[PDB]
Every structure is written in C-alpha cells, then in structure tokens.
Trainee: 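Got a structure here, written out as structure tokens. Questions coming.
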Amino acid sequence: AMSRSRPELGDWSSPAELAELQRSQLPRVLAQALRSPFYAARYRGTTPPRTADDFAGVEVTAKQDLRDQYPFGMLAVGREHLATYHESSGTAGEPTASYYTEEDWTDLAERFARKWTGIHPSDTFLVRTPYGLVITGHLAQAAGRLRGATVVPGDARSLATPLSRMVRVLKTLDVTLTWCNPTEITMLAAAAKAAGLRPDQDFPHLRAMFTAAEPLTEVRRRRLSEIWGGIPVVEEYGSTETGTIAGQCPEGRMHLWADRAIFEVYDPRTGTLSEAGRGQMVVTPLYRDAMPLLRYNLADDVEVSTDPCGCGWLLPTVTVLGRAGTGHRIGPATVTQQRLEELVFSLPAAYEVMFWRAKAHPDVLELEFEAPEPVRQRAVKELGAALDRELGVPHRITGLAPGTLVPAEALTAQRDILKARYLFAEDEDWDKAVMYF
Amino acid sequence: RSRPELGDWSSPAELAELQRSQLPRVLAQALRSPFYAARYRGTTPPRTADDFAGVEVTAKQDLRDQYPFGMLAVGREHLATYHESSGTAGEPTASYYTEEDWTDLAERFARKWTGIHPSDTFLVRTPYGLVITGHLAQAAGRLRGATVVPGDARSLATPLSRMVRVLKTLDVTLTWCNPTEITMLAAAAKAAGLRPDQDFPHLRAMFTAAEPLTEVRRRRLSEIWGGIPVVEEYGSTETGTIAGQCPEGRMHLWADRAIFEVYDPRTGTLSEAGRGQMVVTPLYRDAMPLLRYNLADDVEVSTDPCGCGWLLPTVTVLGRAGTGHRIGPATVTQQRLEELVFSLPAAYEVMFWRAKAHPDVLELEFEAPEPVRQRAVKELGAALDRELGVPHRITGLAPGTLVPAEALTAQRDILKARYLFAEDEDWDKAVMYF
Ligand SMILES: Nc1ncnc2c1ncn2[C@@H]1O[C@H](COP(=O)(O)OP(=O)(O)NP(=O)(O)O)[C@@H](O)[C@H]1O
Ligand SMILES: Nc1ncnc2c1ncn2[C@@H]1O[C@H](COP(=O)(O)OP(=O)(O)NP(=O)(O)O)[C@@H](O)[C@H]1O
Ligand SMILES: [Mg+2]
Ligand SMILES: [Mg+2]
Ligand SMILES: [Zn+2]
Ligand SMILES: [Zn+2]
C-alpha cells in the first residue's frame, strides 16, 4: 500500500520525523477548524491561525465549549457528508455531540484496530459495549469489519443481551476476542461461574480481552487476566469525541497515537501546554473533517512520558489516573480509587474478591466487598492490614454475602426478546402486552 | 456480483427468469452446509431450476437444531457478522452474513419509496443486541449516505425522553422503529411538551416493521405524526427485508432477490400466490443458504397489478394476529380488534390497549384521558356489537396505567463503574451502574 494516506507504526524512525508527520497536517487542520461556527466565532475580528508555528498560540477547547455548541456548532462540513452522529456518556441534561464522515470513520477504525494481539478473519469478536448513541459499540464493530473478524454484537445495558446469554455465546461460538469495560470482564467471569463454567479453563479459544473506559491499575488488569486463564487484557484510552488516542503495547503500557493527533499536557495552574509530564490530556486530532478540535481538553489527569519502553515503539506512554478533581482525603492520607483497587486486587485470587465499593467519610474509610463465607474473615483482616501498612487511614471494612452487591438475577436470568402483543389467550399473562421489553 | 434493481424486468416471465438463472448457484451453495449435505446424503441433490420444484421445506426447528453453524456454507473467516433471532432465548436461532451478503441486505432495506438521501438524518430506534434490525437500518443508512443516529432500543442508555429530544434538536427526517414504538414516541413527545402533529416539521417519514399492522392503525400512526408517510416492510433476522411498501400503501415482495411461495401446512403444497405460510429462498447469500425456509407467518400473496406500477406481487401479513379465538358465537383476531380500537376518533387519544380472549367474553382495557373515557368505552362496545357480536368487558384506564409515566419521562445518566464515593454520594451505582 504505497497508496495509503494516513501514517502507520513504523513510518517514522525518530521523534523529529514524528513531529514532521504532525506539523505537515496543521495547515489543512487549521483551515478545516475555521469552517465550524465555533472557531469562526472564536477568531472573528482577528487573523486566524493558518501555519504549524501559529498552532503554539491556539487557545484550549473545553468540554463546556462542546456542550454550549450542542448540537452542530463544531460542524465544519455539510450535514450531507456525516456518516454517524454520537453523544457522550455521563450527564443526560447536558449532552456532548460528536459526528464523523465516512473518511473520519476510517481513521477511527484504524486506531481501534491497533491491538498488539492483532484482529484477524480467524477471530470471532464479541462487542459487549453499548450501541445506544455512544460510539464504543460502533467503533469496535467498525474495526472488526475492517480486519474481517466475525462481529457478534452483544451490545451492553440492553434487555436483549443479559450476561447469562453472553456466557453461552462466549462458549458455544468459540469467541476469540471481547470488547467491554474492566467491570464487565469481572461480571462475565461471575456469570460464567454461576453457569458452572471456569473462566480460567472452559473458554480455550478466548485469546484476548480488549478493554477501556475505566482507570485500570496493573494489579487489577493482571488479576482480570488470571481470572480468564492468563490471556492478555489489552487496554486502550479514548472518548466519543476523540476516538482511541492510546493503546497497549506487549509490555502492558498505553502509547499515544501521536501520528493521528498532537497530544499536549495542560497544567491548569500555570496554563502551560507541554509535550510530556503530569496534567490534563489535550488532543488535536489530525485526520477528521466533520468536527475539528483544536487543543481539546479531555480534563483527564494523565502522566505522559517520552522515556523508552521495552516494546521499542517510537511513541510516548500515558498513564490515566482518573478525572481531574476526583480525589478524596481522610487523615493527611490521599485515598484514590486506584490505590484502594491495588489493595483489593492484591488479596489472593482464591478469596474471589471482585466486587467492592468504598465511601470517604471525613474521619474513616467505609469499604464493602463480596466474598464467599469461608474466606470472608481472612479477606476483611488482610485488606485492613493492607490499608494500615499502605495508607494508615482509619477504616470500617465489611465482607458481604455473594448476591448482595451483584444480584444472582443479573448473573443467571434469561430474557425472551418479545414484541408487542395486544390479544392474549385466557391462560397467558397479558402483562407483556405494550411494555414487552 | 450483479444484483437486479426495480425496473430490470418488464414482465412476470422476465422476473421468473432472473430467479431461475440463480438457482443452480443457490442449490450448489446450500449443499456445502452440513444441514443440506446431510439432507441429500445418499441421494443425488437438486442441481437445476426444474429440480427446485421438488425441494423439501426448511423449518425454524431445523435452524434451532443446527445451532450454531449447521447452516454454514463458507469458512468462518468469510463471516462479517453473526446474529440471533428475537423470541425464545432457551432455543436460539443463529444467522450470519459475509460482506457481500450484507450488500444484498442493505439494498433490500433501502428500497423505501420515500427514498433515503444524504439530506436525511435517520434515527435507528430498534435493538443492536444480537438481532439484525438496528444493524440492518444502520447499513442501509450508510449505503445511501443518511446521517445515522444509533438510538438502539431496550437499552438503559437511550430512554424515550432522550429519543424525543434527539428527534426535535437534530431535525431528524426518518425513523426506524416498530409500530408500538411510534405511539410510545408520540406519548413521550407530549410528556416532553412537544406536539407530534406539529413540532417535528423536518420529520418526513417513519419506517416500521416487526408487528402485524392494519391499514387503520398505520393511517392513525401517520395522523398522530402530522399525516407523514408510515412506510412498512416485512422481514426477519434470518432473511432480512423480503417486502416493502409502495406509494399506494401495499407491501411488494422483493422477488428479484428471493423466490417467494405460499405453503399449505395440511397438504404441504407450495403455490406462487394465495393464502398460507410465507416460504423464502434467498438468491444472493453465501454464508447461510436457505432452501424454501418457512417463516411460518400466515400471509396472502396476490399477483394483481398495483397502481405503483412495480411488477411484483403484493403481500399482507396476518401472522399470529390472524389466528382466531372463539369467544361468543364469533371468532376474534388481533387484526380485527386493532381495526375497531384505531377506528375510534383520533381526538380520544386511544393508542395503548390489550385484550384477553376468555371462552365466554372478550376482556379489553385501553388508556384514554379524562374526559373522553366513557364515550370511548361506549363507542368501542357498540363497534364490537356491530362488527363481531362477542360479549365484552371493556375498561377505560387513566393514561399512565398500561404505559407508566416513568417510561415516557425518565432520563438516565450513562454512568461507568465507580468504586470510591464521597459521603454525600449514593454508592448503589458502584458495580450495578446501568
Ligand atoms: N484506559 C482508560 N483509562 C482511564 N480512563 C479511561 C480510559 N479509557 C477511557 N477513560 C475515561 O473515559 C472517558 C471517556 O468516556 P467514554 O464514554 O469512552 O467517552 P465520553 O462519551 O466522552 N464520556 P464522558 O467524558 O465520561 O462524559 C475518558 O475521558 C476517561 O475519563
Ligand atoms: N410488516 C410485518 N407485518 C407483520 N409481521 C411482521 C412484519 N415484519 C415482521 N413481522 C413479524 O416478525 C417476524 C420476524 O421478527 P424479527 O425480530 O424481525 O426477526 P427474528 O429476530 O428473526 N424473529 P423470529 O425468526 O420469528 O424468531 C416475522 O417472521 C413476522 O412474524
Ligand atoms: Mg448525511
Ligand atoms: Mg470472519
Ligand atoms: Zn510499550
Ligand atoms: Zn404497489
């Protein structure tokens, strides 16, 4: 393919060459951004940025800007050129719209498809994320179609596809790849066990699990891998409005797809943008026509490093800590979900602790988790000792019976996919007449 | 491959030839599947157009028995997508498609007499979970360049309140949802402060399927949404779209893409027209060949020419709504009741109802706002007296009884798993965040 117009891993031999692949797109990107009502209004009465050098002066685009411009204030092409329209997860009251041409979709699908394990025609790919307005289900399906994998559209949060039916599909279709968030990986494992199947042995064709959408510690990621037989759990970082911006290498670090976007770290205190360090993730996608974004702040706290990785990819690594501002403090001690997660998932695998939750009170950390009765007291004691050793916070830890946080019906209930029925026989329950879901 | 378009045939004889010329390929493809290889093991299988007249019907129970890949005629490497049918979960029905199979599927859906255009914004409000329906409409929208808004259905992510907001704010021009969902969206619109007959000026057509739909109900759904076309099609997960509405309001069989026959289940005879069970042999599919697949829907196929000038037979689908219940001296079909319910004046706003056939009496409930309820009860009773003569027990209910207010107004944030909460936060959304 002498013919392909977007860069691939291996097209650049140095960071200087990568920087050139980026800057050579900025005149097109800056001209396209100005066609949107939002950027045309932003630079009204001034000379707009046109050149690679002008980009250093470009003002950040905030989430609140995208919400204020709902639905099509960020639109730079005729609506006739849109292929799909999406809205972000989170608050329903203040939606964020994103939208993509067919050519925009090719870039999106390529970035998702950068899975170090490969996606092949030989694969059966269960897409277990939502298709309702959000991009995630559509994105995985598009990458599956691109690479010829058989796509099984599992959807998520749909009454049509409960966990019991997904477990049966995983086993009976010999599914080789999955796409779902890390909590859904443990939900599927709990559903398998409730169906009398061992996730570590009874799914021999499952070769990788693709995941995103949650901050994921290496301790949790490795436990999720071990639960499913030691297979790779392949993380990516993305959003509805950016698509996939980073993907895992074989060493287990996420690398920024810097050939497809200019990535900057925003220090909200000084207002400076830097190519690496700690701060808020800023993205300028290079290969989109419909919805240009100039220095869009995802407002995730990230650590970007240019330090080499054992994978040898010539791309910076990124750790995603969480959403900016989300931390809690109890003693002098900062309590992060990420620190608690590392302690919970360091309990021996034999204790089967997967489901937990915690509440920061001013004085004390309240934490609950499900564990089988025989190991429950051990789990409470060891997790307490871990909190003492690592954080020194006062705690109130309660072990719960399985079925308490995650009900049995979520794991085992089957649901017929009915249609509206208006006339029933005497013996039939007519309660499913109009509300048939 | 080269697939026919409306207008490629000038007569029924030419249509019959477009079909028969595909049958050698279709019969050889079917034989590659374990199911048809086993069916014709130790015989000479059918090879020619003439041999097709002798081909045994394929039943739904065959597709269930062959779960998952007994109907598969290509290497799995060539599959693009895998689907399972709606209905019983305990006994799944698998279907699957190559990329080229998908082009035929998308083309058949896209035969919408109103057109699908790049100028369109197309809300897909059917499920994407395993079933084909959401994927099919999305594929046809992508094929014709319409902006696809993936609404999904039966998803906690996309309640009615949010779909009504999307209809209005995105100037949606086309919808895809079942006929019950058309009335659910109308009730949700009023609950959002929007009049379905006036406040959606860019909505130009509503595409629908999946339910038996009387012309009386279809015309009422049109009137509720300001007199815009309600464009019906007939399909299934295992066949795709097999008939679509013409501008005269009849569904025409897509006979250029499939051989349609009417099955008498008592004699087992197959006829090109008349009353009986819908039998389909798709002509342009490689992955999952079907020879005379019996959808087991009760249909009436007619060869009578239509004012639309399409040279294709028309089909009415009675289905499960065609099957009588004896009550009084009389026999009552869902389709006959539906015609009487939707013959009540539009201004009574009767959209949601249900009925139970007892041996002695028809029990029927419907929502009607105060103060038209007792008029509606009386007129519907008189209609049942005049038309059916069945004893009835009719109850008018307050709106919010059959279709709860919560279904129409509830908004739901799309949350992710959260493990650490502040004191004042509800931590019940920790692991069960849907
Ligand atoms: N691998 C990851 N690690 C950590 N956080 C992640 C990861 N992937 C996604 N996220 C988080 O999820 C966000 C994107 O959520 P997603 O639903 O995929 O898009 P969205 O529709 O923009 N939702 P939202 O921003 O939450 O309103 C990112 O900004 C991060 O906060
Ligand atoms: N226009 C229509 N009029 C009447 N019935 C229809 C119409 N369209 C679809 N149907 C019914 O819906 C069935 C197909 O349901 P659908 O969910 O679209 O496919 P499926 O998931 O394959 N279901 P099934 O094969 O019956 O188990 C048809 O066989 C008919 O019974
Ligand atoms: Mg368009
Ligand atoms: Mg394949
Ligand atoms: Zn690496
Ligand atoms: Zn016609």
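Residue numbers begin at 1 in each chain, while the letters A, B, ... track the order of the sequences. All ligand and atom numbering here is 1-based and tracks the order in the structure. Both backbone and side-chain heavy atoms feed into the values below; hydrogens, waters and symmetry mates do not.
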Trainee: Both conditions, 6.0 Å and 45 degrees, for the charged tip of B/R125 above the ring of B/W176: are they met here?
Mentor: no
Trainee: Can you list everything that forms a ring pair (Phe, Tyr, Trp, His ring centres under 6.0 Å) with B/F200? Sequence neighbours excluded, please.
Mentor: B/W225
Trainee: If every non-hydrogen atom of B/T303 is compared with every non-hydrogen atom of B/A273, which pair is closest and at what distance?
Mentor: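 Shortest heavy-atom separation between B/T303 and B/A273 comes out as CG2-CB, 4.0 Å.
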Trainee: List for me each residue that meets ring pair (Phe, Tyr, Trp, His ring centres under 6.0 Å) alongside B/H252, sequence neighbours excluded, and say none if there are none.
Mentor: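 Expected list: B/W310.
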Trainee: Taking ring pair (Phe, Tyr, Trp, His ring centres under 6.0 Å) as the test, write out the residues that go with A/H86, two or more places apart.
Mentor: A/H138
Trainee: Given A/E110, which of A/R6, A/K115, A/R4 fulfils the salt bridge (charged side-chain N to carboxylate O under 4.0 Å, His left out) condition?
Mentor: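 Single pass found, and it is A/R6.
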Trainee: Strictly under 2.8 Å, how many protein N, O or S atoms lie near the Zn ion (ligand 6)? Waters don't count.
Mentor: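 For the Zn ion (ligand 6), protein nitrogen, oxygen or sulfur atoms under 2.8 Å: 4.
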Trainee: Once rounded to 10 degrees, what value does the angle at the Mg ion (ligand 4) take between O (B/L79) and O (A/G148)?
Mentor: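 Angle O(B/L79)-the Mg ion (ligand 4)-O(A/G148): 80°, rounded to 10°.
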